[PDB]
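Colleague: Sharing my_file_35.cif (mmCIF, C-alpha atoms and all ligand atoms; chains and numbers go by the auth columns) below.
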```
data_model
loop_
_atom_site.group_PDB
_atom_site.id
_atom_site.type_symbol
_atom_site.label_atom_id
_atom_site.label_comp_id
_atom_site.label_asym_id
_atom_site.label_seq_id
_atom_site.Cartn_x
_atom_site.Cartn_y
_atom_site.Cartn_z
_atom_site.B_iso_or_equiv
_atom_site.auth_seq_id
_atom_site.auth_asym_id
ATOM 1 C CA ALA A 1 302.112 235.812 179.373 0.00 1 P
ATOM 2 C CA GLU A 2 298.749 237.520 179.996 0.00 2 P
ATOM 3 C CA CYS A 3 299.559 241.209 179.867 0.00 3 P
ATOM 4 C CA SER A 4 296.092 242.762 179.945 0.00 4 P
ATOM 5 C CA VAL A 5 292.837 242.694 181.895 0.00 5 P
ATOM 6 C CA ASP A 6 289.336 243.936 181.123 0.00 6 P
ATOM 7 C CA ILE A 7 287.523 245.465 184.085 0.00 7 P
ATOM 8 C CA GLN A 8 284.009 246.883 184.440 0.00 8 P
ATOM 9 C CA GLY A 9 282.641 249.473 186.859 0.00 9 P
ATOM 10 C CA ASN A 10 278.873 249.488 187.135 0.00 10 P
ATOM 11 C CA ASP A 11 275.923 251.551 188.372 0.00 11 P
ATOM 12 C CA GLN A 12 276.110 249.949 191.837 0.00 12 P
ATOM 13 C CA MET A 13 279.671 251.079 192.719 0.00 13 P
ATOM 14 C CA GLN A 14 281.373 247.754 191.877 0.00 14 P
ATOM 15 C CA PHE A 15 284.389 246.692 189.877 0.00 15 P
ATOM 16 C CA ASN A 16 284.096 243.107 188.629 0.00 16 P
ATOM 17 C CA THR A 17 287.443 242.034 190.047 0.00 17 P
ATOM 18 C CA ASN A 18 289.203 242.828 193.329 0.00 18 P
ATOM 19 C CA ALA A 19 292.616 241.327 192.503 0.00 19 P
ATOM 20 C CA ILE A 20 294.752 241.802 189.398 0.00 20 P
ATOM 21 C CA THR A 21 297.861 239.728 188.630 0.00 21 P
ATOM 22 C CA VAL A 22 300.663 241.175 186.469 0.00 22 P
ATOM 23 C CA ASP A 23 303.040 238.591 184.982 0.00 23 P
ATOM 24 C CA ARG A 24 306.457 240.110 185.502 0.00 24 P
ATOM 25 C CA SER A 25 307.635 238.792 182.115 0.00 25 P
ATOM 26 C CA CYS A 26 305.270 241.387 180.588 0.00 26 P
ATOM 27 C CA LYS A 27 307.120 244.504 179.461 0.00 27 P
ATOM 28 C CA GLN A 28 303.879 246.511 179.652 0.00 28 P
ATOM 29 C CA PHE A 29 300.501 245.828 181.192 0.00 29 P
ATOM 30 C CA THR A 30 297.146 247.112 179.896 0.00 30 P
ATOM 31 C CA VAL A 31 293.911 247.744 181.731 0.00 31 P
ATOM 32 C CA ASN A 32 290.774 248.067 179.602 0.00 32 P
ATOM 33 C CA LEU A 33 288.033 249.791 181.639 0.00 33 P
ATOM 34 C CA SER A 34 284.344 249.942 180.679 0.00 34 P
ATOM 35 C CA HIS A 35 281.137 251.100 182.367 0.00 35 P
ATOM 36 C CA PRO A 36 277.958 248.993 181.961 0.00 36 P
ATOM 37 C CA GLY A 37 274.822 250.705 183.200 0.00 37 P
ATOM 38 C CA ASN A 38 273.154 254.011 182.354 0.00 38 P
ATOM 39 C CA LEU A 39 274.315 256.559 184.940 0.00 39 P
ATOM 40 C CA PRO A 40 276.433 259.493 183.681 0.00 40 P
ATOM 41 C CA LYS A 41 280.011 260.345 184.624 0.00 41 P
ATOM 42 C CA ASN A 42 279.114 263.277 186.949 0.00 42 P
ATOM 43 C CA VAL A 43 277.161 261.003 189.319 0.00 43 P
ATOM 44 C CA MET A 44 278.608 257.470 188.840 0.00 44 P
ATOM 45 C CA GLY A 45 281.892 258.128 186.982 0.00 45 P
ATOM 46 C CA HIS A 46 284.677 255.559 187.328 0.00 46 P
ATOM 47 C CA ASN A 47 288.398 255.601 186.776 0.00 47 P
ATOM 48 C CA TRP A 48 291.100 252.970 187.353 0.00 48 P
ATOM 49 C CA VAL A 49 294.001 254.374 189.391 0.00 49 P
ATOM 50 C CA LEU A 50 297.129 252.561 190.546 0.00 50 P
ATOM 51 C CA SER A 51 299.365 253.472 193.462 0.00 51 P
ATOM 52 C CA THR A 52 301.167 251.872 196.357 0.00 52 P
ATOM 53 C CA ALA A 53 298.738 250.684 199.027 0.00 53 P
ATOM 54 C CA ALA A 54 300.272 253.273 201.443 0.00 54 P
ATOM 55 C CA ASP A 55 299.524 256.120 199.024 0.00 55 P
ATOM 56 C CA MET A 56 295.912 255.217 198.193 0.00 56 P
ATOM 57 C CA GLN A 57 294.265 257.288 200.935 0.00 57 P
ATOM 58 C CA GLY A 58 296.209 260.457 199.950 0.00 58 P
ATOM 59 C CA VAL A 59 295.529 259.979 196.240 0.00 59 P
ATOM 60 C CA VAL A 60 291.811 259.529 196.927 0.00 60 P
ATOM 61 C CA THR A 61 291.542 262.517 199.280 0.00 61 P
ATOM 62 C CA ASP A 62 293.513 264.874 196.997 0.00 62 P
ATOM 63 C CA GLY A 63 291.586 263.538 193.987 0.00 63 P
ATOM 64 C CA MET A 64 288.323 264.450 195.719 0.00 64 P
ATOM 65 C CA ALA A 65 289.598 267.993 196.274 0.00 65 P
ATOM 66 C CA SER A 66 290.549 268.263 192.597 0.00 66 P
ATOM 67 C CA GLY A 67 287.028 267.877 191.220 0.00 67 P
ATOM 68 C CA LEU A 68 285.280 266.439 188.192 0.00 68 P
ATOM 69 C CA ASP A 69 287.022 268.699 185.659 0.00 69 P
ATOM 70 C CA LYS A 70 290.333 267.042 186.742 0.00 70 P
ATOM 71 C CA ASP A 71 288.880 263.525 186.659 0.00 71 P
ATOM 72 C CA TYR A 72 289.152 263.542 190.468 0.00 72 P
ATOM 73 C CA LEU A 73 292.930 263.304 190.397 0.00 73 P
ATOM 74 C CA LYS A 74 295.513 265.781 191.662 0.00 74 P
ATOM 75 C CA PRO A 75 297.296 267.047 188.521 0.00 75 P
ATOM 76 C CA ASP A 76 300.703 265.431 188.046 0.00 76 P
ATOM 77 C CA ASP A 77 300.262 263.414 191.235 0.00 77 P
ATOM 78 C CA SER A 78 303.662 261.707 191.728 0.00 78 P
ATOM 79 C CA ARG A 79 301.985 258.829 193.651 0.00 79 P
ATOM 80 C CA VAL A 80 299.864 257.736 190.674 0.00 80 P
ATOM 81 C CA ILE A 81 301.759 255.025 188.823 0.00 81 P
ATOM 82 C CA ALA A 82 299.103 254.762 186.099 0.00 82 P
ATOM 83 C CA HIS A 83 295.485 255.758 185.532 0.00 83 P
ATOM 84 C CA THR A 84 292.631 255.837 183.051 0.00 84 P
ATOM 85 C CA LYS A 85 290.408 258.815 182.573 0.00 85 P
ATOM 86 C CA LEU A 86 287.099 259.060 184.356 0.00 86 P
ATOM 87 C CA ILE A 87 284.280 257.430 182.365 0.00 87 P
ATOM 88 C CA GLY A 88 280.505 257.376 182.446 0.00 88 P
ATOM 89 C CA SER A 89 278.069 254.730 181.323 0.00 89 P
ATOM 90 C CA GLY A 90 278.660 253.429 177.804 0.00 90 P
ATOM 91 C CA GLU A 91 282.201 254.829 177.663 0.00 91 P
ATOM 92 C CA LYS A 92 285.558 253.089 177.819 0.00 92 P
ATOM 93 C CA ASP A 93 289.250 253.851 178.317 0.00 93 P
ATOM 94 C CA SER A 94 292.529 251.924 178.380 0.00 94 P
ATOM 95 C CA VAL A 95 295.827 252.500 180.117 0.00 95 P
ATOM 96 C CA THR A 96 299.141 250.792 179.376 0.00 96 P
ATOM 97 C CA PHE A 97 302.091 251.067 181.756 0.00 97 P
ATOM 98 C CA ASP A 98 305.605 249.814 182.162 0.00 98 P
ATOM 99 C CA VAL A 99 305.835 246.816 184.467 0.00 99 P
ATOM 100 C CA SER A 100 309.325 248.001 185.517 0.00 100 P
ATOM 101 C CA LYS A 101 307.514 250.689 187.556 0.00 101 P
ATOM 102 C CA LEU A 102 306.453 247.919 189.960 0.00 102 P
ATOM 103 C CA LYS A 103 309.047 246.848 192.529 0.00 103 P
ATOM 104 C CA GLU A 104 309.469 243.474 194.301 0.00 104 P
ATOM 105 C CA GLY A 105 307.967 243.413 197.762 0.00 105 P
ATOM 106 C CA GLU A 106 305.874 246.589 197.551 0.00 106 P
ATOM 107 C CA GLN A 107 302.098 246.350 197.902 0.00 107 P
ATOM 108 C CA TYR A 108 299.971 248.008 195.204 0.00 108 P
ATOM 109 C CA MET A 109 296.267 248.875 195.044 0.00 109 P
ATOM 110 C CA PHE A 110 293.928 249.932 192.223 0.00 110 P
ATOM 111 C CA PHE A 111 290.842 251.997 192.894 0.00 111 P
ATOM 112 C CA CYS A 112 288.329 254.534 191.654 0.00 112 P
ATOM 113 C CA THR A 113 288.769 258.131 192.935 0.00 113 P
ATOM 114 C CA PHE A 114 285.246 259.320 192.185 0.00 114 P
ATOM 115 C CA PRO A 115 283.948 260.699 195.520 0.00 115 P
ATOM 116 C CA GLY A 116 282.700 257.940 197.790 0.00 116 P
ATOM 117 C CA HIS A 117 283.630 255.062 195.496 0.00 117 P
ATOM 118 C CA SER A 118 287.027 253.889 196.784 0.00 118 P
ATOM 119 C CA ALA A 119 285.759 252.056 199.855 0.00 119 P
ATOM 120 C CA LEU A 120 284.153 249.402 197.639 0.00 120 P
ATOM 121 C CA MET A 121 285.862 250.055 194.306 0.00 121 P
ATOM 122 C CA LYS A 122 289.371 248.932 195.164 0.00 122 P
ATOM 123 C CA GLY A 123 291.558 245.845 194.919 0.00 123 P
ATOM 124 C CA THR A 124 295.085 244.483 194.919 0.00 124 P
ATOM 125 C CA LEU A 125 297.552 244.471 192.043 0.00 125 P
ATOM 126 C CA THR A 126 300.336 241.932 192.328 0.00 126 P
ATOM 127 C CA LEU A 127 303.370 240.785 190.329 0.00 127 P
ATOM 128 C CA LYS A 128 303.634 237.126 189.328 0.00 128 P
HETATM 129 CU CU CU B . 283.831 254.983 190.555 0.00 1 U
#
```
Take the structure I supplied and represent it as structure tokens, if you would.
Ligand SMILES: [Cu+2]

Modeller:
Amino acid sequence: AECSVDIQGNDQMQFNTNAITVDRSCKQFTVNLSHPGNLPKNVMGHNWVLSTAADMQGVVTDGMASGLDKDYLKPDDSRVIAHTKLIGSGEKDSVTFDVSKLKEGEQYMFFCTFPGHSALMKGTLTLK
């Protein structure tokens, strides 16, 4: 079982994958996020946020309203299944979450909630 993935967010508003697969035999799954490039967090910050596909737009909008000091996430947002912190160039973060939080049939998305980034910086997350 492959229970982790390394993902990069760069200076050109790209993640280097748009589809993550979570083996359902994994008890926990880990996302290791890094940021190649040289732009700082306040202008090209990236996070990795997981929600249902239906909830993404709300999470992104409310995250915008929350601001940089809150890593562009609504505090205690019930729709956020898991998330990293917001990182700038040269920085990294990891998040580990319980695979039991994912339910058969539901559609999940990952994305960055930094203002303006989610249109490109998004992808699917799917049980196997
Ligand atoms: Cu971003």

Colleague: Selected by the PyMOL selection byres (((not hetatm)) within 9 of (chain U and resi 1)) in the shown coordinates: which residues, as a ChimeraX atom specification?

Modeller: /P:9-11,13-15,41,44-48,86-87,111-118,121

Colleague: Which residues fall under the PyMOL selection byres (((chain P and resi 38) around 6) and not hetatm) in this file, as a PDB file with C-alpha atoms, keeping the file's coordinate frame?

Modeller:
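What ended up in expr28.pdb:
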```pdb
ATOM      1  CA  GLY P  37     274.822 250.705 183.200  1.00  0.00           C
ATOM      2  CA  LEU P  39     274.315 256.559 184.940  1.00  0.00           C
ATOM      3  CA  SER P  89     278.069 254.730 181.323  1.00  0.00           C
TER       4      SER P  89
END
```

Colleague: Could you check which of P:66, P:126, P:100, P:8 is closest to residue 32 of chain P, using all atoms listed in the file?

Modeller: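 Selected residue with least distance to residue 32 of chain P: P:8.
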
Colleague: Show me, as a list in words, the residues that have an atom within 10 Å of residue 23 of chain P when counting all atoms listed in the file, minus same-chain residues fewer than 4 positions from it.

Modeller: residues 1, 2, 3, 4, 27, 28, 29, 99, 126, 127 and 128 of chain P

Colleague: Produce the centre coordinates and the three edge lengths, each in Å to one decimal, of the box along x, y and z that contains all listed atoms of segment 41-54 of chain P with 6 Å added on each side, as lines of an AutoDock Vina configuration file.

Modeller:
```
center_x = 289.2
center_y = 257.0
center_z = 193.0
size_x = 36.0
size_y = 24.6
size_z = 28.8
```

Colleague: State, in Å with one decimal place, the distance from atom CA of residue 5 of chain P to atom CA of residue 90 of chain P.

Modeller: 18.2 Å

Colleague: Env of segment 73-79 of chain P: 8 Å cut, atoms = all atoms listed in the file, seq-sep filter 3 positions within chain, self excluded. Answer as a ChimeraX atom specification.

Modeller: /P:51-52,55,59-60,62-67,70,113
